[PDB]
2 protein chains.
Amino acid sequence: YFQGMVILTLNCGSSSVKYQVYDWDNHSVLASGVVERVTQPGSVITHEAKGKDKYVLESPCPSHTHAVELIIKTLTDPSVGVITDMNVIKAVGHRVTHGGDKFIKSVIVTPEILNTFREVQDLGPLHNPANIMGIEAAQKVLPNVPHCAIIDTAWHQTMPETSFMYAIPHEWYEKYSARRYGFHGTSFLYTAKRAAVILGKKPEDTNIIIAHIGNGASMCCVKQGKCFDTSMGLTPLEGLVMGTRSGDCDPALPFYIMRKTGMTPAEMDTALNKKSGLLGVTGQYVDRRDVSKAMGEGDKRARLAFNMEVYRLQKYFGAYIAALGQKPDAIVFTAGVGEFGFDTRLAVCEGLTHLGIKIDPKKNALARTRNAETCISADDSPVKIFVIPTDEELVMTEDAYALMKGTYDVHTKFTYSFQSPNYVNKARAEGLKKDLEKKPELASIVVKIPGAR
Amino acid sequence: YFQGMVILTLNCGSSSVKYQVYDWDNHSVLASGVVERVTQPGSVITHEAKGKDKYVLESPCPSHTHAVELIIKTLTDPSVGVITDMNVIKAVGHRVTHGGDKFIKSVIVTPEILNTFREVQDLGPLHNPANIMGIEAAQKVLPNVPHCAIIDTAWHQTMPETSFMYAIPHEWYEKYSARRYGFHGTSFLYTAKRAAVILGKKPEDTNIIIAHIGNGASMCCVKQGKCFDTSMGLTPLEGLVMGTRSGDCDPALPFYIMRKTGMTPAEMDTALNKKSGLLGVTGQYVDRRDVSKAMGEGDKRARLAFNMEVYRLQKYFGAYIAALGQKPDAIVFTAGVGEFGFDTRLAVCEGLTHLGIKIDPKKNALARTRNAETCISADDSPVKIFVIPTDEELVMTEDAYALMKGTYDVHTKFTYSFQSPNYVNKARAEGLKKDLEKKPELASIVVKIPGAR
């Protein structure tokens, strides 16, 4: 088939470049991978091509430009590559963490848009610099395609002022744009649209609450198909318990600890972002799988951390049920913990039965796959409970494709491929076949999509 | 009657001493008042004796000791005083803001207890110093009676670790006692016991949520008669919108503003505590009455502030309903806004009807008095809604009396006078008679107390 409608997506950190290559016309992920230790000694690419063994190559990358060059060379390599030449790529979608209130939707990057991103860089100091370096790097390597910014905060720009304002001097909002922004926008967008499909409803008629529980974790209250409130803040620090981030805390606590320790703002910022969360409580574990294993071994710090995560999730579900003003149609679990953390999901939902959330423990225990969307609520639960594995890369891919085509708009005026009842994820469909060979009962909880033919 | 069982209560700030004199055996408030501008030029006492016109006298008070001496001289004065001599006072109850996790209940002050308070002073740096100066001052003026500490954090010491731990390095808890403490303890204790009386239930069987909405504002989740969670934090800054405090905020926001402004921790701490909240949003108003009046005049900043307060209250009610694991027996509004802010109460409760909270707007509009406990929910509301005017001074009075007598203990093992169905507040009963002359329909919403004869 025609292989020339390929989209590259990139997510660049201070020392890494994650990539995916998507063939739009054949609806397939051709490859994904990561360059690690970018700007550091020992840079190394790990490249996973469809149907091939993992490929690993050490090659120095003192800059993000070297990392993008290494990706392209690997993708076009005759033996391990997946595209015939670099011109097979027709657009690049880049992750940008923070758009302030200057960006409500994805954009094609221009010099003026880059200047605008510089205005907001100070809102996302720990993330935007490397995202922008990645844009600048890829623009040099792939100069003849549109480079698009898909912005983690943009989904949340529908929040009303009563949700996004902090109770702070109004001049801090007016002069410094201090307000709640929220993150995980591509994940919430994707899972909100999938939830509408599963419910058989137009998005604008849906009222749902989504928990993206990954290493970073946040919740979104989706009222009439749009973000109404979300748990992260000006920055990704606020809200739920996370792997290394504190989430919610008395704003005066960091200042107290500073007076006790001598730490300065940047150090306190690092402690709250890199040494808190589950790692801080347990003293050693970031991954929820390690927390759960240690709890089962009797580790009281892990048991505490697990329970703190559960309790804060319960409180946020309660808060956002209140915020919705009505019973939600559904709650959604996504990201790694949402998809695999059956014990977290059980403990959260068992504490919410008086709010209409009734999990079925047998269904919940079966939902331990990234390859299927499932319903784990009891048949008669007032509120449906879905596990919807996310697909941030597909949002980035489709935004770049639609911007390149000229049809992209904000989601209240734009229709995504994955809003179709007949949308399929080819790689996940193949993985599900394998999952069902080993656990046939999983088939009984896969969602039944209205109108899917 | 015998007039010699008198208790003095004191609440000392950096420039003020508030006092009340309670005759225990005659169950009556003899006087209350305040010395203002203590330690400052123009110190002045305002003294309100039962049945008398307000008395105001300017008299220099360079120290809290001078302020306590002025109070005692005024109380024993032949024309404006209320007690024959200083030895009529048999105990003094002092407000202490912060007890850390070292104090779970009220105590008679000794030198060793004062040393222990010094260990925890750094947890309550903005409040404890003047509270302790007040103790030391009154011990010199009234050396022959017990001085008792009634501690705003103590009520909350029943919180379990899953509620009180922040997701921070465990060493910050272990070395610096960093955790959630909560405040308004005397108000929550009093109103929780009154709510149990009104419900006709033993306290240990009650599950209620209390909103103390004063200039400072916080909420308490009372599970099985004990604090389970509360909205203030390590310090009084966390949680609800307040007159000048921010409440909840991304912990990284103060550090961002610092980089934008040059402010240092103590200054940022002052901005978040003294220039935020309603004052920050509106730019000029602290009192909810001014916010509501300005909203009615069309002030968009006041309308925003009012709505932010309402919305955060809704979210906390939702969170604490979740935390309870069951429908609450009741929600309670108290303190000045809880007692008089009918518009806040209406807006909050109308957004919670799907959580069982059904206000009756006619009842709600009648509940604008400090002189009665009322029920403002619809007759068939799943969750009762009570307005219970608080009485922090009575808790302080009774704790001091019971400590002096030797019967005091933590509230799970001690019975207060106001747990009786037949408890009456004499001054409020007289004020209610006057309220009913002007608004007879108020009588229809006054609580009917089971077992009250």
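Here we come to the relation of the copies chain A and chain B. Rotating chain A by 180° about the axis while translating it 0.0 Å along that axis superimposes it on chain B, leaving an RMSD of 0.0 Å. Classification of the inter-copy transformation places it as that of a two-fold axis. The fraction of interface residues of chain A whose copies in chain B are also interface residues reaches 100%, indicating that both copies meet through the same surface.

Residue and element names in this part refer to chain A. Within this structure's numbering, the places UniProt gives as "binding site: ATP" (unreviewed entry) are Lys18, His212, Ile213, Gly214, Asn215, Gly216, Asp287, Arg288 and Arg289. Across 272 residues of sequence, these annotated residues are also dispersed in space, with a maximum C-alpha separation of 23.1 Å. Of note, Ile213 is situated in strand β9 (residues 208-213). When neighbours within four sequence positions are excluded, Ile213 is seen to be in contact with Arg288, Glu309, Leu313, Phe333, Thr334, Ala335, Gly336, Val337 and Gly338. Its place among the elements puts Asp287 in the loop between α9 (277-282) and α10 (288-297). Classification of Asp287 by relative accessible area gives partly exposed; the value is 28%.

The periodicity of an α-helix, 3.6 residues per turn, causes residues three or four positions apart to be oriented the same way. Every buried residue belonging to helix α13 (residues 342-350) of chain B is among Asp343, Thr344, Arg345, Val348 and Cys349 of chain B, and all of these are buried. Looking at the packing, one finds that the buried side of α13 of chain B touches α10 (288-297), α11 (300-324), β12 (330-334), α12 (335-340), α14 (361-366) and β14 (384-387) of chain B.

The subject of this paragraph is the domain arrangement of chain A. All names here are of chain A. You can read the domains of chain A as domain 1 (6-151) and domain 2 (201-388). Tallying the contact residues gives four residues for domain 1 and six residues for domain 2. In total, about 330 Å² of surface goes out of reach between domain 1 and domain 2, with carbon and sulfur atoms giving 59% of it. Broken down residue by residue, the surface that domain 1 buries against domain 2 is led by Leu123, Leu126 and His127, which jointly contribute 79%. Where domain 1 touches domain 2, the interface holds zero salt bridges. Between the two partners, domain 1 and domain 2, sit one residue pair in polar contact. Here the side of domain 1 that touches domain 2 is composed, by residue class, of two nonpolar, two polar and no charged.

Accessible area lost on assembly of the parts is the figure often given for the size of an interface. Between chain A and chain B, the contact holds 74 residues from the first and 74 residues from the second. Together chain A and chain B conceal approximately 6000 Å² of surface at their shared face, both sides included; 69% is due to carbon and sulfur atoms. Counting the contacts that link chain A with chain B gives four salt bridges. In this structure, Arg301 of chain B engages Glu174 of chain A in a salt bridge whose closest nitrogen and oxygen atoms are separated by 2.8 Å. For the pair chain A and chain B, the interface holds 24 residue pairs in polar contact. Those elements giving two or more residues to the side of chain A that touches chain B turn out to be α4 (161-164), α5 (170-176), β11 (226-230), α7 (253-261), α8 (265-274), α9 and α11 (300-324) of chain A. Looking at the side of chain A that touches chain B residue by residue, the classes come out as 39 nonpolar, 20 polar and 15 charged.

Tallying each qualifying case throughout the model produces 34 salt bridges over all chains. The residue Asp329 of chain B makes a salt bridge to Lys201 of chain B at a minimum N-O spacing of 2.8 Å. Separated by 128 residues along the polypeptide, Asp329 of chain B in the loop between α11 and β12 and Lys201 of chain B in the loop between α6 (185-199) and β9 (208-213) bring together distant segments of the chain. Each of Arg180, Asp229 and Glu238 of chain A together with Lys315 of chain B takes part in salt bridges that share partners, so that together they form one network.

Let us look at the packing of α11 of chain A against helix α13 (residues 342-350) of chain A. All names here are of chain A. Packing of α11 against α13 brings their axes to within 9 Å, and their N-to-C directions diverge by 50°. In terms of axis orientation, α11 runs oblique to α13. At the point where α11 passes α13, the crossing takes the right-handed sense. Where α11 approaches α13, its residues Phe306, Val310, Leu313, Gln314 and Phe317 are matched on the opposing element by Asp343, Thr344, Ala347 and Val348.

Here we come to the state of the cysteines. All names here are of chain B. All told, the structure shown has zero disulfides over all chains when counted by the stated rule. With no disulfide partner, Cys148 has as its closest neighbouring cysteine sulfur the one in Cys12, 14 Å distant. Note on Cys148: relative accessible area 0%, which makes it buried. Left without a disulfide partner, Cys220 is nearest to the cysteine sulfur of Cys227, which lies 3.7 Å away.

Here the focus is the pairing of strand β4 (residues 44-49) of chain B. All names here are of chain B. A large share of β4 lies buried, amounting to five of its six residues. Direction of pairing for strand β3 (residues 28-36) relative to β4: antiparallel, over a ladder of six bridges. By the bridge assignment, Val35 is partnered in β4 with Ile45. Summarising the sheet, β4 and strand β5 (residues 55-58) pair through four bridges and their orientation is antiparallel. Paired with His47 across the bridge in β5 is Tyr55. The hairpin turn running from β4 into β5, its antiparallel successor, is five residues long, and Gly51 in that turn takes a positive phi close to 75°.

A separate point is the sheet that holds strand β3 (residues 28-36) of chain A. All names here are of chain A. Taken in spatial order, the eight strands line up as β5-β4-β3-β2-β1-β6-β8-β7 in an open sheet, and their pairing is mixed. Each edge of the open sheet carries a strand with a single partner, namely β5 (55-58) and β7 (107-108). With five bridges connecting them, strand β6 (residues 89-96) and strand β8 (residues 147-151) associate as parallel partners. Among the inter-strand pairings, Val92 is bridged to a residue of β8, identified as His147.

Right, let's talk about the packing of aromatic side chains for a bit. All names here are of chain B. Overall, the coordinates contain 25 aromatic pairs over all chains when judged by the stated rule. Centre to centre, the rings of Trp24 and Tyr401 are 4.7 Å apart; their planes meet at 15°, and the pair counts as stacked. With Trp24 in the loop between β2 (16-23) and β3 and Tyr401 in helix α15 (residues 392-405), this residue pair connects regions lying 377 residues apart in the sequence. For the pair formed by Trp24 and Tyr401, the shared burial category is buried. Ring geometry for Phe317 versus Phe333: centroids 5.8 Å apart, planes at 70°, classification edge-to-face. Remark: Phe333 occurs in strand β12 and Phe317 occurs in helix α11; sequence separation between them is 16 residues.

Residue and element names in this part refer to chain A. In terms of burial, β11 is largely enclosed, as four of its five residues are buried. In this sheet, β11 lies alongside strand β10 (residues 217-223) in antiparallel orientation, the contact comprising four bridges. Bridging from a neighbouring strand, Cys221 pairs with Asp229 of β11. A loop of two residues connects β10 with β11, the two strands running antiparallel in sequence, and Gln224 in this loop sits at a positive phi of about 50°.

Residue and element names in this part refer to chain A. UniProt records the feature "binding site: AMP" (unreviewed entry) at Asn215, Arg288 and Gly336, using the numbering of this structure. What stands out for the annotated residues spanning 122 residues is how close their C-alpha atoms remain, the widest pair being 9.1 Å apart. With respect to the helices and strands, the residue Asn215 is situated in the loop between β9 and β10. Non-local contacts of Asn215, meaning those with residues more than four positions away in its chain, are made with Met242, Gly243, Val286 and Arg288. Checked against the element boundaries, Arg288 lands in helix α10. Here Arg288 falls in the buried class, since its relative accessible area comes to 11%. Setting aside residues no more than four positions away along its own chain, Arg288 makes contact with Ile213, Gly214, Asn215, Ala217, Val241, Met242, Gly243, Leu278, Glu309 and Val337.

What counts, and at which threshold
- Residues numbered from 1 in each chain as written, not as in the entry; some residues may be left out.
- Chains lettered and ligands numbered in written order.
- Heavy atoms only, no water.
- Least-squares fit on C-alpha atoms.
- Contact = heavy atoms within 4.5 Å.
- UniProt positions renumbered as here; feature names shortened; annotations may be inferred.
- Helix = DSSP H or I, 4+ residues; strand = E, 2+ residues; numbered from the N terminus.
- Buried < 20%, exposed > 50% of the residue type's maximum accessible area, 1.4 Å probe, protein only.
- Domains from an automatic or database assignment.
- Buried area = accessible area lost by both parts, 1.4 Å probe.
- Salt bridge = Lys/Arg side-chain N within 4 Å of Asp/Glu carboxyl O.
- Polar contact = N/O pair within 3.5 Å; in protein donor to acceptor, adjacent residues only side chain to side chain.
- Nonpolar A, V, L, I, M, F, W, Y, C, P; charged D, E, K, R; others polar.
- Axes fitted to C-alpha atoms, helices over the stretch in contact; angles between N-to-C directions.
- Parallel < 35°, antiparallel > 145°, perpendicular 65-115°, else oblique.
- Left-handed = near helix turned anticlockwise from the far one by under 90°.
- Disulfide = S-S within 2.5 Å.
- Pairing = 2+ DSSP bridges.
- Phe/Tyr/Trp six-rings, centres within 6.5 Å; stacked < 30°, edge-to-face > 60°.

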